[PDB]
Amino acid sequence: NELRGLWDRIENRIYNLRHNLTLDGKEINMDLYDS
Amino acid sequence: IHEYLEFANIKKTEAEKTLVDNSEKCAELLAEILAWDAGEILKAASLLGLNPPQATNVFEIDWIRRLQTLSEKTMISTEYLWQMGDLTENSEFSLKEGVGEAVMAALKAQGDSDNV
Amino acid sequence: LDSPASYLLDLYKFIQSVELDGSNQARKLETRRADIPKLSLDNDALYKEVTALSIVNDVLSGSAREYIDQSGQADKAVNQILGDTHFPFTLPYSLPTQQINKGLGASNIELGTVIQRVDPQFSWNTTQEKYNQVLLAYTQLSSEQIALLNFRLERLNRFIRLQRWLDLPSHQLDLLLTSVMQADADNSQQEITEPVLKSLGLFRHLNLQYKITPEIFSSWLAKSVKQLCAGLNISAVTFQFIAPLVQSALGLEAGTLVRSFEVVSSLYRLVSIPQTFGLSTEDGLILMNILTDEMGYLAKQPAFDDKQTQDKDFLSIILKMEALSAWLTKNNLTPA
Amino acid sequence: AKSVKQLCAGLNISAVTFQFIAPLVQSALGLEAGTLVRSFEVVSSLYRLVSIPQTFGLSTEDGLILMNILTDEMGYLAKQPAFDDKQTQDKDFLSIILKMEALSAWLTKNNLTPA
Amino acid sequence: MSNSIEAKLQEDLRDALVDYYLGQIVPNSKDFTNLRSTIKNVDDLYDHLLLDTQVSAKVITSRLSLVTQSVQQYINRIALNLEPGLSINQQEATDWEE
């Protein structure tokens, strides 16, 4: 079960790094408002 | 509106049709009552039997109400809105390839800002 | 002294002397993946070298587009040949001139293809070919590619695999298509053709405007306790109009106890369709009478093979109900 | 054809104004399609005609009014930047932008319009 | 503008990748076709071309970083596995420490 949890963890972390600008949070875009 | 419609109706067969109703000034008052463009409204000459056309005393005005509001939804011409009709019937492809690009360019001219 | 270049050259002059030869790919691939120690411009460009993902596109595509030139198959065609292939499940017609005509035309002010309903005619009380423009314009999501509708059988299942133009799951198309393919009396596999495909534009329309579900759409396309319990959706005092409905089959106010599908699907039509426009049953019966001189294919069948002979077709009726619901919202009149 | 670039010039101000651009290319040689060469003597005059009136908030149809009213002609829009015509004091371009400003102030002071 | 980005992605996400994969490898070449069995998935396109396809739609960086990354990945990759058939001497195999 550890192999299957491990390879899925690295796939999720690559997806996050491939977006970058989240850091799984929201670094770049925040507090903006309109109207 | 009455003086415009009464003028549009003057003697089409015996006088005015072969004189194009003096299109350069009769079609001007139809724009002036709308405070709108006396130019692109002349595209109506693409239908109704080589008349201006104007003596169809409501339907052209009724359509131009919707052309004026569409012309405020988007900056597209009535000339291009005609192509969006012509493309319906499994028509020639280069006109669709061009119209899609022309509508894209008309959006870039507004962008994420507002512009014109 | 040290630089981004002294870091790079300490790799480059090191990899050059990794000399082992013969049939092995490594240099063959690296030289096929061509770039050189003086790629472009000069090393001081670095601050302006800041660029998006767009830098990658010509490194893949700029060699790839040479295939028609290399094979000698074409040359005057500038790029578009990549929209004109199928068999490797190639996804043809994908060129942006098709997709922007759906997405970009919505993205500004939310108009879509519905613009074909607006012009140049004075009123929507107009001949059949107009509705056949607009309903097909609502189906689109794609292009003239829809003319395409062991391998000799799987190439027919590809018409469901090619649902990719639409955000539809694999359970949707059989639910969508089975009711209309049962309403059509024809026997052979040609039943996939465009006289059925027109129906998905009405689904797309009612979804975008009113958020219906494929189940309800494909469904509408003593026993006294059940006779009363039908009053859950709209109050059973309306069933003075339901004894007039069962005359499309055989029945009586008590004798309708059999609740047959040809009758109860017509109850499903009559209870569902007017409520999309906020109408009561007494207002819906007014629109049908005013527009058609009859029940407008409520109480009767969904017109599907009567539409094959252009007889007051049901697919036009919901457009007329919408067009009047707009005009009767614009003006402070009432159906009564 | 060059029609994509002929339309894409409409980014700054809507291409429906180009009914006035076939009258502009008469300072060189060209036609509504035949202007496809986009030569610097023509496109720098597009750059003048699109830039200078917008400093005062004018539309192209208002800018053409000021030039006609002040000069009886295009006021060195569509033509060259007057630089060696200014050496012989002929309606010089360096005065025109001052007149556009002076009228933009007076026409802001009063609730009239160019039209 | 924010919605035209969708089309500048879609031409590389799909069009440039599938027409390359089928056309170049199977019929056309004496380039990839000498190695016909080696590619079947985007993971092979990544490993063979040294390029980050189908990903990173919002990211910005220097061209020098991409150039570096390709060689930086390759000098890792030849030490990560012994295909293609090259080998690394024990000094060179010590000095990836640097």
# chains A, B, ... in the order shown; residues from 1 in each chain; ligands from 1

call {"tool": "residues_around", "arguments": {"residues": "residue B:41", "least_positions_apart": "6", "cutoff": "12 Å", "atoms": "only C-alpha atoms", "output": "VMD selection string"}}
result
chain B and resid 23 to 24 26 to 32 34 52 to 54 60 to 61 63 to 65 67 to 68 77 to 79

call {"tool": "write_last_selection", "arguments": {"atoms": "N, CA, C and O atoms", "output": "mmCIF file, in the first residue's frame"}}
result
data_model
loop_
_atom_site.group_PDB
_atom_site.id
_atom_site.type_symbol
_atom_site.label_atom_id
_atom_site.label_comp_id
_atom_site.auth_asym_id
_atom_site.auth_seq_id
_atom_site.Cartn_x
_atom_site.Cartn_y
_atom_site.Cartn_z
ATOM 1 N N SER B 23 -31.290 59.013 -52.514
ATOM 2 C CA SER B 23 -30.758 58.193 -51.415
ATOM 3 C C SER B 23 -29.771 58.926 -50.509
ATOM 4 O O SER B 23 -29.798 58.736 -49.295
ATOM 5 N N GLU B 24 -28.939 59.805 -51.068
ATOM 6 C CA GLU B 24 -27.943 60.600 -50.346
ATOM 7 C C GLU B 24 -28.529 61.552 -49.283
ATOM 8 O O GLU B 24 -27.809 61.931 -48.357
ATOM 9 N N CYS B 26 -32.555 61.346 -48.529
ATOM 10 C CA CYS B 26 -33.751 60.729 -47.939
ATOM 11 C C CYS B 26 -33.382 59.715 -46.837
ATOM 12 O O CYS B 26 -33.939 59.767 -45.740
ATOM 13 N N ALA B 27 -32.372 58.865 -47.073
ATOM 14 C CA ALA B 27 -31.853 57.912 -46.087
ATOM 15 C C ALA B 27 -31.104 58.587 -44.926
ATOM 16 O O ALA B 27 -30.857 57.967 -43.893
ATOM 17 N N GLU B 28 -30.762 59.866 -45.070
ATOM 18 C CA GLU B 28 -30.116 60.641 -44.020
ATOM 19 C C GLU B 28 -31.089 60.915 -42.859
ATOM 20 O O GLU B 28 -30.735 60.700 -41.701
ATOM 21 N N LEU B 29 -32.351 61.267 -43.141
ATOM 22 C CA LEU B 29 -33.334 61.611 -42.108
ATOM 23 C C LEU B 29 -33.726 60.401 -41.231
ATOM 24 O O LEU B 29 -33.987 60.568 -40.038
ATOM 25 N N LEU B 30 -33.687 59.191 -41.808
ATOM 26 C CA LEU B 30 -33.852 57.899 -41.124
ATOM 27 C C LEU B 30 -32.741 57.618 -40.100
ATOM 28 O O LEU B 30 -32.988 57.012 -39.061
ATOM 29 N N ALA B 31 -31.520 58.060 -40.389
ATOM 30 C CA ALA B 31 -30.421 58.074 -39.426
ATOM 31 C C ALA B 31 -30.586 59.208 -38.394
ATOM 32 O O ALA B 31 -30.378 58.999 -37.199
ATOM 33 N N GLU B 32 -30.969 60.410 -38.827
ATOM 34 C CA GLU B 32 -31.030 61.596 -37.967
ATOM 35 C C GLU B 32 -32.059 61.465 -36.829
ATOM 36 O O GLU B 32 -31.759 61.818 -35.689
ATOM 37 N N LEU B 34 -32.797 58.788 -35.263
ATOM 38 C CA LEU B 34 -32.116 57.875 -34.335
ATOM 39 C C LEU B 34 -30.840 58.470 -33.713
ATOM 40 O O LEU B 34 -30.170 57.791 -32.933
ATOM 41 N N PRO B 52 -34.248 52.201 -52.224
ATOM 42 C CA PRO B 52 -33.285 52.666 -51.230
ATOM 43 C C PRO B 52 -32.816 51.649 -50.163
ATOM 44 O O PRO B 52 -31.614 51.654 -49.866
ATOM 45 N N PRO B 53 -33.647 50.719 -49.644
ATOM 46 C CA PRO B 53 -35.117 50.710 -49.530
ATOM 47 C C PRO B 53 -35.588 51.423 -48.255
ATOM 48 O O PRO B 53 -34.902 51.388 -47.237
ATOM 49 N N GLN B 54 -36.764 52.051 -48.289
ATOM 50 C CA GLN B 54 -37.310 52.810 -47.143
ATOM 51 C C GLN B 54 -38.848 52.826 -47.034
ATOM 52 O O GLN B 54 -39.366 52.961 -45.926
ATOM 53 N N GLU B 60 -38.085 47.947 -41.602
ATOM 54 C CA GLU B 60 -36.700 48.436 -41.638
ATOM 55 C C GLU B 60 -36.314 49.211 -40.367
ATOM 56 O O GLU B 60 -35.188 49.092 -39.883
ATOM 57 N N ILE B 61 -37.254 49.974 -39.801
ATOM 58 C CA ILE B 61 -37.072 50.721 -38.551
ATOM 59 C C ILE B 61 -37.035 49.746 -37.367
ATOM 60 O O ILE B 61 -36.192 49.857 -36.477
ATOM 61 N N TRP B 63 -36.243 46.486 -37.405
ATOM 62 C CA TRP B 63 -34.953 45.807 -37.478
ATOM 63 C C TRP B 63 -33.807 46.709 -36.983
ATOM 64 O O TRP B 63 -32.991 46.290 -36.162
ATOM 65 N N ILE B 64 -33.763 47.973 -37.419
ATOM 66 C CA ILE B 64 -32.724 48.945 -37.035
ATOM 67 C C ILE B 64 -32.722 49.253 -35.529
ATOM 68 O O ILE B 64 -31.642 49.477 -34.982
ATOM 69 N N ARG B 65 -33.860 49.159 -34.833
ATOM 70 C CA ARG B 65 -33.894 49.173 -33.362
ATOM 71 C C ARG B 65 -32.970 48.088 -32.790
ATOM 72 O O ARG B 65 -32.112 48.386 -31.961
ATOM 73 N N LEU B 67 -30.594 46.344 -34.545
ATOM 74 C CA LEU B 67 -29.229 46.626 -35.008
ATOM 75 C C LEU B 67 -28.534 47.685 -34.136
ATOM 76 O O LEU B 67 -27.354 47.524 -33.837
ATOM 77 N N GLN B 68 -29.243 48.721 -33.696
ATOM 78 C CA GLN B 68 -28.696 49.744 -32.812
ATOM 79 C C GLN B 68 -28.354 49.175 -31.426
ATOM 80 O O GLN B 68 -27.285 49.477 -30.898
ATOM 81 N N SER B 77 -19.840 45.568 -37.124
ATOM 82 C CA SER B 77 -20.594 46.235 -38.195
ATOM 83 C C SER B 77 -21.834 45.437 -38.614
ATOM 84 O O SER B 77 -21.860 44.203 -38.542
ATOM 85 N N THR B 78 -22.840 46.119 -39.178
ATOM 86 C CA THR B 78 -23.970 45.430 -39.838
ATOM 87 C C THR B 78 -23.528 44.669 -41.093
ATOM 88 O O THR B 78 -24.141 43.672 -41.469
ATOM 89 N N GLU B 79 -22.433 45.099 -41.724
ATOM 90 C CA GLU B 79 -21.813 44.410 -42.855
ATOM 91 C C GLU B 79 -21.323 43.006 -42.475
ATOM 92 O O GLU B 79 -21.464 42.061 -43.252
#

call {"tool": "interface_residues", "arguments": {"of": "chain E", "to": "chain C", "cutoff": "7 Å", "atoms": "only C-alpha atoms", "output": "list in words"}}
result
residues 7, 12, 15, 16, 18, 19, 20, 22, 23, 24, 28, 49, 56, 57, 59, 60, 61, 62, 63, 64, 84, 85 and 86 of chain E

call {"tool": "interface_residues", "arguments": {"of": "chain D", "to": "chain B", "cutoff": "7 Å", "atoms": "only C-alpha atoms", "output": "list in words"}}
result
residues 8, 10, 11, 12, 13 and 14 of chain D

call {"tool": "interface_residues", "arguments": {"of": "chain B", "to": "chain C", "cutoff": "6 Å", "atoms": "only C-alpha atoms", "output": "PDB file with C-alpha atoms, in the first residue's frame"}}
result
ATOM      1  CA  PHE B  59     -39.988  46.642 -40.728  1.00  0.00           C
ATOM      2  CA  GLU B  97     -12.370  31.278 -41.224  1.00  0.00           C
ATOM      3  CA  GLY B 100     -14.124  34.112 -36.702  1.00  0.00           C
TER       4      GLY B 100
END

call {"tool": "interface_residues", "arguments": {"of": "chain E", "to": "chain B", "cutoff": "10 Å", "atoms": "only C-alpha atoms", "output": "list in words"}}
result
residues 1, 2, 3 and 4 of chain E

call {"tool": "write_last_selection", "arguments": {"atoms": "N, CA, C and O atoms", "output": "mmCIF file, in the first residue's frame"}}
result
data_model
loop_
_atom_site.group_PDB
_atom_site.id
_atom_site.type_symbol
_atom_site.label_atom_id
_atom_site.label_comp_id
_atom_site.auth_asym_id
_atom_site.auth_seq_id
_atom_site.Cartn_x
_atom_site.Cartn_y
_atom_site.Cartn_z
ATOM 1 N N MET E 1 -5.033 39.029 -24.347
ATOM 2 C CA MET E 1 -6.085 39.270 -23.322
ATOM 3 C C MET E 1 -6.520 37.948 -22.696
ATOM 4 O O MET E 1 -6.314 36.894 -23.291
ATOM 5 N N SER E 2 -7.097 37.963 -21.494
ATOM 6 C CA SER E 2 -7.246 36.766 -20.643
ATOM 7 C C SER E 2 -7.931 35.553 -21.298
ATOM 8 O O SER E 2 -7.554 34.417 -21.002
ATOM 9 N N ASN E 3 -8.888 35.756 -22.211
ATOM 10 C CA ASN E 3 -9.561 34.672 -22.938
ATOM 11 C C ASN E 3 -8.853 34.223 -24.229
ATOM 12 O O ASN E 3 -9.041 33.081 -24.646
ATOM 13 N N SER E 4 -8.007 35.049 -24.856
ATOM 14 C CA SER E 4 -7.221 34.626 -26.032
ATOM 15 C C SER E 4 -6.093 33.654 -25.659
ATOM 16 O O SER E 4 -5.644 32.861 -26.489
#

call {"tool": "closest_residue", "arguments": {"among": "D:114, D:81, D:75, D:30", "to": "residue D:99", "atoms": "only C-alpha atoms"}}
result
D:75

call {"tool": "select_by_dssp", "arguments": {"residues": "chain D", "states": "alpha helix (DSSP H)", "output": "PyMOL selection string"}}
result
chain D and resi 3-8+40-51+60-71+93-109

call {"tool": "write_last_selection", "arguments": {"atoms": "N, CA and C atoms", "output": "short mmCIF file (atom, residue, chain, number, x, y, z; two decimals), in the first residue's frame"}}
result
data_model
loop_
_atom_site.label_atom_id
_atom_site.label_comp_id
_atom_site.auth_asym_id
_atom_site.auth_seq_id
_atom_site.Cartn_x
_atom_site.Cartn_y
_atom_site.Cartn_z
N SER D 3 -5.79 41.60 -45.68
CA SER D 3 -7.01 42.07 -45.02
C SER D 3 -7.02 41.87 -43.49
N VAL D 4 -6.31 40.86 -42.98
CA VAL D 4 -6.16 40.63 -41.53
C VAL D 4 -5.39 41.77 -40.87
N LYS D 5 -4.28 42.23 -41.47
CA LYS D 5 -3.51 43.40 -40.98
C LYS D 5 -4.27 44.72 -41.20
N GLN D 6 -4.96 44.84 -42.34
CA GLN D 6 -5.83 45.99 -42.65
C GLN D 6 -6.96 46.16 -41.60
N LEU D 7 -7.49 45.05 -41.07
CA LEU D 7 -8.46 45.04 -39.97
C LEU D 7 -7.81 45.21 -38.58
N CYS D 8 -6.67 44.55 -38.32
CA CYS D 8 -5.99 44.55 -37.01
C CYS D 8 -5.48 45.95 -36.59
N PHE D 40 6.24 53.45 -44.42
CA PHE D 40 6.45 54.34 -43.27
C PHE D 40 5.91 55.77 -43.44
N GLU D 41 5.93 56.33 -44.66
CA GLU D 41 5.33 57.64 -44.95
C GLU D 41 3.80 57.65 -44.75
N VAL D 42 3.14 56.50 -44.95
CA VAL D 42 1.70 56.29 -44.70
C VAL D 42 1.45 55.92 -43.24
N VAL D 43 2.10 54.88 -42.69
CA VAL D 43 1.79 54.40 -41.33
C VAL D 43 2.23 55.36 -40.22
N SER D 44 3.29 56.17 -40.41
CA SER D 44 3.58 57.26 -39.46
C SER D 44 2.49 58.34 -39.47
N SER D 45 1.81 58.55 -40.60
CA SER D 45 0.66 59.47 -40.69
C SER D 45 -0.61 58.90 -40.05
N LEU D 46 -0.80 57.57 -40.09
CA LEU D 46 -1.77 56.87 -39.24
C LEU D 46 -1.42 57.06 -37.76
N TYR D 47 -0.13 56.96 -37.40
CA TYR D 47 0.35 57.17 -36.03
C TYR D 47 0.07 58.59 -35.52
N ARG D 48 0.28 59.62 -36.36
CA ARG D 48 -0.12 61.01 -36.08
C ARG D 48 -1.64 61.14 -35.89
N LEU D 49 -2.43 60.66 -36.86
CA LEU D 49 -3.89 60.79 -36.87
C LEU D 49 -4.59 60.04 -35.73
N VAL D 50 -4.06 58.89 -35.30
CA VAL D 50 -4.62 58.12 -34.17
C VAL D 50 -4.16 58.65 -32.81
N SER D 51 -2.94 59.20 -32.69
CA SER D 51 -2.40 59.66 -31.40
C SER D 51 -2.89 61.06 -30.99
N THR D 60 -11.99 60.57 -33.94
CA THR D 60 -11.43 60.86 -35.28
C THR D 60 -12.29 61.84 -36.08
N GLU D 61 -13.62 61.74 -35.95
CA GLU D 61 -14.60 62.63 -36.57
C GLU D 61 -14.61 64.06 -35.97
N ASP D 62 -14.18 64.22 -34.72
CA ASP D 62 -13.98 65.53 -34.08
C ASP D 62 -12.63 66.15 -34.44
N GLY D 63 -11.57 65.33 -34.50
CA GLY D 63 -10.24 65.77 -34.93
C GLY D 63 -10.24 66.30 -36.37
N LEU D 64 -10.91 65.59 -37.29
CA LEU D 64 -11.12 66.05 -38.67
C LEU D 64 -11.89 67.38 -38.75
N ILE D 65 -12.81 67.64 -37.81
CA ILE D 65 -13.49 68.94 -37.71
C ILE D 65 -12.50 70.04 -37.35
N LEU D 66 -11.66 69.86 -36.32
CA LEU D 66 -10.69 70.90 -35.93
C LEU D 66 -9.75 71.25 -37.08
N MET D 67 -9.19 70.24 -37.75
CA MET D 67 -8.30 70.45 -38.89
C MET D 67 -8.99 71.23 -40.02
N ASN D 68 -10.22 70.85 -40.39
CA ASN D 68 -11.01 71.55 -41.40
C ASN D 68 -11.33 73.00 -41.00
N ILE D 69 -11.77 73.24 -39.76
CA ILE D 69 -12.16 74.56 -39.25
C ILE D 69 -10.96 75.50 -39.14
N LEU D 70 -9.83 75.01 -38.61
CA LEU D 70 -8.62 75.81 -38.38
C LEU D 70 -7.79 76.07 -39.65
N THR D 71 -7.75 75.12 -40.60
CA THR D 71 -6.74 75.11 -41.69
C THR D 71 -7.28 75.02 -43.12
N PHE D 93 3.10 72.53 -38.33
CA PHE D 93 2.61 71.49 -37.41
C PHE D 93 2.84 71.80 -35.92
N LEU D 94 3.97 72.43 -35.59
CA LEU D 94 4.29 72.82 -34.21
C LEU D 94 3.33 73.88 -33.64
N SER D 95 2.61 74.62 -34.48
CA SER D 95 1.52 75.52 -34.06
C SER D 95 0.17 74.79 -33.92
N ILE D 96 -0.05 73.73 -34.70
CA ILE D 96 -1.36 73.05 -34.78
C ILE D 96 -1.76 72.44 -33.44
N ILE D 97 -0.84 71.75 -32.76
CA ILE D 97 -1.12 71.13 -31.45
C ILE D 97 -1.41 72.20 -30.38
N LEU D 98 -0.83 73.40 -30.49
CA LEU D 98 -1.18 74.53 -29.62
C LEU D 98 -2.62 75.00 -29.87
N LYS D 99 -3.04 75.10 -31.13
CA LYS D 99 -4.41 75.47 -31.49
C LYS D 99 -5.42 74.42 -31.03
N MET D 100 -5.10 73.13 -31.17
CA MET D 100 -5.92 72.02 -30.65
C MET D 100 -6.09 72.12 -29.13
N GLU D 101 -5.02 72.43 -28.38
CA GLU D 101 -5.11 72.64 -26.94
C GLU D 101 -5.96 73.87 -26.58
N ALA D 102 -5.71 75.02 -27.23
CA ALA D 102 -6.43 76.27 -26.98
C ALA D 102 -7.95 76.14 -27.22
N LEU D 103 -8.35 75.45 -28.29
CA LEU D 103 -9.76 75.13 -28.53
C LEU D 103 -10.28 74.07 -27.56
N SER D 104 -9.50 73.07 -27.17
CA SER D 104 -9.94 72.06 -26.19
C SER D 104 -10.26 72.68 -24.82
N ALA D 105 -9.52 73.72 -24.42
CA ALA D 105 -9.80 74.51 -23.22
C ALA D 105 -11.10 75.32 -23.37
N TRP D 106 -11.24 76.08 -24.46
CA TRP D 106 -12.43 76.89 -24.72
C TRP D 106 -13.71 76.06 -24.86
N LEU D 107 -13.60 74.89 -25.50
CA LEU D 107 -14.69 73.94 -25.70
C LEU D 107 -14.92 73.01 -24.48
N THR D 108 -14.05 73.07 -23.47
CA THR D 108 -14.31 72.53 -22.12
C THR D 108 -14.98 73.58 -21.23
N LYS D 109 -14.59 74.86 -21.36
CA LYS D 109 -15.20 76.02 -20.67
C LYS D 109 -16.67 76.24 -21.05
#

call {"tool": "atom_distance", "arguments": {"atom1": "atom CA of residue C:145", "atom2": "atom CA of residue C:316"}}
result
24.8 Å

call {"tool": "residues_around", "arguments": {"residues": "residue B:51", "least_positions_apart": "3", "cutoff": "9 Å", "atoms": "only C-alpha atoms", "output": "number ranges by chain"}}
result
B: 12, 17-18, 20-21, 45, 47-48, 54-55

call {"tool": "residues_around", "arguments": {"residues": "stretch 10-26 of chain A", "least_positions_apart": "2", "cutoff": "12 Å", "atoms": "only C-alpha atoms", "output": "NGL selection string"}}
result
(:A and (3-8 or 28-31)) or (:C and (53)) or (:E and (52-61))

call {"tool": "atom_distance", "arguments": {"atom1": "atom CA of residue C:149", "atom2": "atom CA of residue C:77"}}
result
27.2 Å

call {"tool": "atom_distance", "arguments": {"atom1": "atom CA of residue C:300", "atom2": "atom CA of residue C:236"}}
result
20.4 Å

call {"tool": "residues_around", "arguments": {"residues": "residue C:285", "least_positions_apart": "5", "cutoff": "12 Å", "atoms": "only C-alpha atoms", "output": "ChimeraX atom specification"}}
result
/C:238,241-242,244-245,270-271,273-274,279-280,290-299,321,335-336

call {"tool": "write_last_selection", "arguments": {"atoms": "N, CA and C atoms", "output": "short mmCIF file (atom, residue, chain, number, x, y, z; two decimals), in the first residue's frame"}}
result
data_model
loop_
_atom_site.label_atom_id
_atom_site.label_comp_id
_atom_site.auth_asym_id
_atom_site.auth_seq_id
_atom_site.Cartn_x
_atom_site.Cartn_y
_atom_site.Cartn_z
N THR C 238 -56.91 20.98 -11.31
CA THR C 238 -56.67 21.12 -12.76
C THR C 238 -57.11 19.90 -13.58
N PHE C 241 -59.03 19.36 -16.94
CA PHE C 241 -58.33 19.42 -18.23
C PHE C 241 -57.67 18.08 -18.63
N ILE C 242 -57.59 17.10 -17.72
CA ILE C 242 -56.91 15.81 -17.96
C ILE C 242 -57.85 14.77 -18.60
N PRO C 244 -60.09 15.69 -20.91
CA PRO C 244 -59.81 16.12 -22.29
C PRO C 244 -58.45 15.67 -22.87
N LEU C 245 -57.42 15.42 -22.05
CA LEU C 245 -56.10 14.95 -22.50
C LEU C 245 -56.12 13.46 -22.90
N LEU C 270 -47.14 18.10 -20.32
CA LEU C 270 -48.09 19.15 -19.93
C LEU C 270 -47.77 19.80 -18.57
N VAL C 271 -47.24 19.04 -17.61
CA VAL C 271 -46.85 19.56 -16.29
C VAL C 271 -45.46 20.23 -16.31
N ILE C 273 -43.42 21.55 -19.24
CA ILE C 273 -42.99 22.53 -20.25
C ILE C 273 -43.47 23.97 -19.95
N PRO C 274 -44.73 24.23 -19.54
CA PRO C 274 -45.18 25.59 -19.22
C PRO C 274 -44.50 26.19 -17.97
N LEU C 279 -45.61 29.70 -16.28
CA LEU C 279 -47.03 29.62 -16.63
C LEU C 279 -47.80 28.68 -15.68
N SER C 280 -49.06 29.00 -15.38
CA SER C 280 -50.01 28.00 -14.85
C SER C 280 -50.60 27.16 -16.00
N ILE C 290 -53.91 29.73 -28.85
CA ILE C 290 -53.62 30.97 -29.60
C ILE C 290 -52.65 30.71 -30.75
N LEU C 291 -51.58 29.96 -30.50
CA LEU C 291 -50.53 29.68 -31.49
C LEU C 291 -50.91 28.62 -32.53
N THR C 292 -51.71 27.60 -32.17
CA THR C 292 -51.86 26.37 -32.98
C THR C 292 -53.30 25.97 -33.32
N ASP C 293 -54.31 26.62 -32.73
CA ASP C 293 -55.74 26.23 -32.77
C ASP C 293 -56.07 24.87 -32.12
N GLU C 294 -55.11 24.25 -31.43
CA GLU C 294 -55.24 22.95 -30.76
C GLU C 294 -54.30 22.85 -29.53
N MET C 295 -54.05 21.64 -29.03
CA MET C 295 -53.19 21.35 -27.86
C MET C 295 -51.66 21.45 -28.12
N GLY C 296 -51.21 21.86 -29.32
CA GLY C 296 -49.80 22.13 -29.64
C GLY C 296 -48.82 21.00 -29.33
N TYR C 297 -49.23 19.73 -29.51
CA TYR C 297 -48.51 18.50 -29.14
C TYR C 297 -48.28 18.27 -27.63
N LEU C 298 -48.87 19.06 -26.73
CA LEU C 298 -49.23 18.56 -25.39
C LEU C 298 -50.41 17.58 -25.55
N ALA C 299 -50.65 16.68 -24.60
CA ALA C 299 -51.65 15.58 -24.65
C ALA C 299 -51.48 14.52 -25.77
N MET C 321 -43.14 29.48 -27.36
CA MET C 321 -43.41 29.70 -25.93
C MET C 321 -42.37 30.63 -25.30
N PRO C 335 -51.57 36.40 -19.86
CA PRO C 335 -52.14 35.43 -20.79
C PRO C 335 -53.68 35.51 -20.84
N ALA C 336 -54.33 35.67 -19.69
CA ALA C 336 -55.78 35.75 -19.59
C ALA C 336 -56.37 37.00 -20.27
#

call {"tool": "closest_residue", "arguments": {"among": "E:39, E:67, E:17, E:9", "to": "residue C:38", "atoms": "only C-alpha atoms"}}
result
E:67
